Amino acid sequence: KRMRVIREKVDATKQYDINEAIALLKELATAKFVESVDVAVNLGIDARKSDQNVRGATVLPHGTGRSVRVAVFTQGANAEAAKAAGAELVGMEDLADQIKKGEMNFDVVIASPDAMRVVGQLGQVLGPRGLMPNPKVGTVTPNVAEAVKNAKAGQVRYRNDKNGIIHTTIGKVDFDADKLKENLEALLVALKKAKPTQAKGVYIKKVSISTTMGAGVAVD
Amino acid sequence: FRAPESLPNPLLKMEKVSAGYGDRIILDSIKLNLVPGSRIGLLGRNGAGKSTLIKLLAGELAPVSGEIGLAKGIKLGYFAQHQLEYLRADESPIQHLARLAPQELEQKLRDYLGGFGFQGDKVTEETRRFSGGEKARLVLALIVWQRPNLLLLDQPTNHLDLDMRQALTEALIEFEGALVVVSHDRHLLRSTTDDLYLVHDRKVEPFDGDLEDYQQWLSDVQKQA
Amino acid sequence: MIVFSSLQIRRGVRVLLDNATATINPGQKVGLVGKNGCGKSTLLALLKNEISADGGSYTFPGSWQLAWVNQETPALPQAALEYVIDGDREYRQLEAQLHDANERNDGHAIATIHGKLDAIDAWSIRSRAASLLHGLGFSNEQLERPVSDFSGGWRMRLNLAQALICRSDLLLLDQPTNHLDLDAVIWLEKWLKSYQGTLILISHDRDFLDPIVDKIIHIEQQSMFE
Amino acid sequence: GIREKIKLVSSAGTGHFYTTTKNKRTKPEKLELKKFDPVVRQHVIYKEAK
RNA sequence: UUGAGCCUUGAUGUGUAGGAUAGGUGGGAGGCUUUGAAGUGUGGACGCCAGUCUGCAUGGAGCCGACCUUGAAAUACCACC
Ligand SMILES: Nc1ncnc2c1ncn2[C@@H]1O[C@H](COP(=O)(O)OP(=O)(O)OP(=O)(O)O)[C@@H](O)[C@H]1O
Ligand SMILES: Nc1ncnc2c1ncn2[C@@H]1O[C@H](COP(=O)(O)OP(=O)(O)OP(=O)(O)O)[C@@H](O)[C@H]1O
Ligand code: NA
Ligand code: NA
């Protein structure tokens, strides 16, 4: 029914407005869920070349869609600010080796510059899943407390694909249409600042707003 | 190829060969002796022991069962398949053949080498410097010199040129003594070999038919999967 | 789109090409034909960027990835999987720098190199190499076996699958069917006739060369005739 | 006759070379001389190239 | 009749140990069946012959996430592909 009604109700030959599209998406309301909305933007980048790696972060004030417990890992006295950060994870050099085998991870990682045990133990578990520290993204930084504070505010991350695309979260369908616009624009501005150097052509070929349980449509 | 004595009528004493390479067992059965003058070609797929058998007959791979035998006056000619880097790399061809003919011969012993394509100062240096083709030609030139009577060839026409192939085939057709050669090309086996044994599974058997039957026999094995 | 123009490759005292020019357009499978001790492997090394052109300017597009098969495969103790994975370069180099970073304690470099590794598939490389080696025969018990023995026609499969693990743009095959059976030659030509990138081949086999070649470069008398 | 013409260029990072000849079919090697560089006014190493 | 390109739709694809022919990113841990469930009768096509697979009724109204071995983790579904 979900693939039978709204599919014949929407038409893909024409674009919609940045606000009327998301309004009709709110009207869709296919699933018996909270139907958190996400975005999918196709970038123009040569994913075959390691030079044009794209990795960044944005902050969405209105709706992140969930709460993620950041796990700050500091080696030595690096936990002085971690104890006050309030992250749902516990960091420890001794608690890292057994921690990786026992528990999977938190929603984020804490970068300890002198605590090079997360890299030595994560390996397939820490990196193959998609939760490794990112010095270029901004996961590893001397201000452990500042990173812990930033992570709890909805530090939306993203990464490319084999096709150079990006998709990530913007909020829930509960949150208002104006909130969705002022989140989309913030994410787009962060992306446009994060655009690499050897990036010829148009950097946004398509942008789409999607219901994570329903059906998505191109927005711009 | 020159003329050897070709005296020994029993070429080797073969019995309960059980060639294994230590960790496993490769071959245990065996076939008719080389019976001087016979020309045999070893068919068979890859990884089936066609090279283990050649090394076992050559005398560089002691069988685990033992007593593989070899006649008193056999001059062996051995041409390894992939260990073309078995000849010493640091020695030039002239002082390579010199240690094979140590006493007598002269600085005009290089007249022999010149006729084989090493016709300059190329006799005074050898390394990976030599290309694959002349590295394969040097082994043949060193095999010919000492008048072998039993030839063992593990695909001698890998890096050889087309003219090299023609010359080698013509020489082999005129060759006198016993010859064992294994290869995939039809041209060598149509003109030189006569018997065409098969190396099957863990055993070597006389086999029936020709290469036409063998190439379909190979494709009939795939019905097992 | 690769051009040799007045190449003049000399090898110590000896000169292999006096002055010879040729062109190869992109997406075109080319064969190399000569003599024994002629210069075909010398040309392949020149493209491989090791030997000196001695005034040739062989320039070819620098945005290309090259997968090559050399002529001699020595005896090595490395396992089959290690030998195959070694073919996918930019991973061994990355892990070398990562080892240096780990043993020098460069926190910035650790995260940098981990990000570079995660850019490529990385952690699934063993699975990719096993999936590739499964198509060329093999079961699973030979994966940890050393390449030292591996028959003679299976070592060829080892160092021939060492090239199909990187998805290159230029494939330099030097005598690839040296020990292969008719079982594997057919598969090799089935793959090659479907290959998309630009391929340069060296072989003396007319029967193998007939199907999957477009044009021939013949190095006859210190010159290349196309 | 048979002698070619080679150009040995400074290793001191400036463009200043000495042009000379060399029999390229008798002496297989690259020239590795050392000589004056008037740009930097120091005796540096000049190696053959073209 | 026959090429190339573009838009859309439906199929398409292990490994190695696995319930299983586990394509990526990762949103979710549940909607899917009810314009009427799985299974059985029955073809098609693929077939790393293990297995997917979809036209028809009949039968009629259920089974997939969970926890399992892992480099990964699910065709629960849906996005951009
Ligand atoms: N590493 C080397 N150092 C010095 N000279 C070399 C080297 N390799 C080859 N040569 C010289 O160049 C000649 C041709 O070598 P090359 O490997 O290019 O031949 P080729 O055309 O590939 O022949 P083949 O078909 O026999 O492999 C050799 O005969 C030798 O004189
Ligand atoms: N040195 C060695 N140590 C252990 N096993 C070996 C050794 N050499 C060969 N084998 C094994 O023995 C078997 C046969 O090897 P061999 O080299 O004789 O093959 P072949 O049938 O003659 O084929 P090819 O054309 O590849 O040489 C294979 O299973 C191979 O792995
Ligand atoms: Na062999
Ligand atoms: Na060569």
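- The PDB entry annotates chain B as YheS of Escherichia coli.

- The PDB entry lists chain A under the name Large ribosomal subunit protein uL1, from Escherichia coli.
- Checking UniProt for chain A, the heading Subunit contains the comment "Part of the 50S ribosomal subunit. Cross-links to the P and E site tRNAs."

## A word on the pattern of salt bridges
All names here are of chain C.
Then step 1. Here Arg92 ties to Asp86 by a salt bridge, and the two come within 3.9 Å at their closest N and O atoms.
Then step 2. Here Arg167 ties to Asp169 by a salt bridge, and the two come within 4.0 Å at their closest N and O atoms.
Then step 3. Connected via shared salt-bridge partners are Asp86, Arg92 and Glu95.

## Quick word on the interface of chain B and chain C
Then step 1. At the interface, 23 residues of chain B touch 23 residues of chain C.
Then step 2. Counting residues per element, the ones that place at least two in the side of chain B that touches chain C are α4 (132-145) and α5 (162-174) of chain B.
Then step 3. Ranked by residues supplied to the side of chain B that touches chain C, first place goes to α4 of chain B with 4 residues.
Then step 4. Partitioning the side of chain B that touches chain C into residue classes produces 2 nonpolar, 13 polar and 8 charged.

## What about the sheet that holds strand β4 (residues 42-49) of chain D?
All names here are of chain D.
Then step 1. If you trace the 4 strands from one edge of the open sheet to the other, you get β2-β1-β4-β3, paired in antiparallel fashion. Taken across any chain shown, the strands that pair with only one partner, and hence form the sheet edges, are β2 (17-22) and β3 (32-37). The average undirected angle you get between the axes of adjacent strands in this sheet is 40 degrees.

## A closer look at unusual backbone geometry
Then step 1. Notably, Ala29 of chain A is not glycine yet its phi reads approximately 50 degrees, a positive angle.
Then step 2. Checked against the element boundaries, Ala29 of chain A lands in the loop between α2 (20-28) and β1 (36-43).
Then step 3. At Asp54 of chain C, a residue that is not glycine, the phi angle is positive and equals roughly 55 degrees.

Definitions and limits used
Residues numbered from 1 in each chain as written, not as in the entry; some residues may be left out. Chains lettered and ligands numbered in written order. Part of a larger assembly, values for the part shown. Heavy atoms only, no water. Residues with missing side-chain atoms left out of burial classes, pairs and counts. UniProt positions renumbered as here; feature names shortened; annotations may be inferred. Salt bridge = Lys/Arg side-chain N within 4 Å of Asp/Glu carboxyl O. Contact = heavy atoms within 4.5 Å. Helix = DSSP H or I, 4+ residues; strand = E, 2+ residues; numbered from the N terminus. Nonpolar A, V, L, I, M, F, W, Y, C, P; charged D, E, K, R; others polar. Pairing = 2+ DSSP bridges. Axes fitted to C-alpha atoms, helices over the stretch in contact; angles between N-to-C directions.

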